[PDB]
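Encoded as structure tokens, the structure appears first; notes follow it.
Cβ placement follows ideal geometry from the backbone for every residue including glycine, while neighbour counts extend to all protein chains displayed. Bear in mind these aren't lab numbers, they're just calculated from the coordinates by the rules spelled out.
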Amino acid sequence: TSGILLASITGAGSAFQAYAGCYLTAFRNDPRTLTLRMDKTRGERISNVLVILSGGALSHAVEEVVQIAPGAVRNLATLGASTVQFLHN
């Protein structure tokens with residue numbers, strides 16, 4: 001239960017370093033979804049990000065693995081969470 005509050009992510013987007021050399025932008029285009037665009041990885045290889053959603057409607061955190069190429073997008077439901085963190089899987 002650490003991260004940025006989802007309420008602080010807007011349609012404009014915010015950029016994160018998930019782990020060394022791996023950068024992504026998160027956008028919140030509606031209150032139910034989080035859109036992740038992969039921006040850069042070491043060697044431009046497929047990412048290996050762990051997304052952790054917590055708080056809010058969630059009594060316990062939920063995690064999702066995101067393995068996508070730079071330039072690709074992953075949409076995920078936020079499940080009423082308050083908080084999100086990006087880490088290395």
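Brief remarks follow.
- Dipole moment magnitude, nearest 20 debye, the chain about Cα centre, only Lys, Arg, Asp, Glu C-beta charged: 140 debye
- FRET efficiency, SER8 to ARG42 (Cβ-Cβ, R0 35 Å, nearest 0.05): 0.80
- Label-point separation, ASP30 to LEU58 (7 Å along Cα→Cβ), nm: 2.0 nm
- Packing-based order for 83-89, 41-47, using average beta carbon neighbours within 10 Å, highest first: 83-89, 41-47
- Listed residue (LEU5, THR41, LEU53) projecting farthest to the positive dipole end of the chain, Cβ model: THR41
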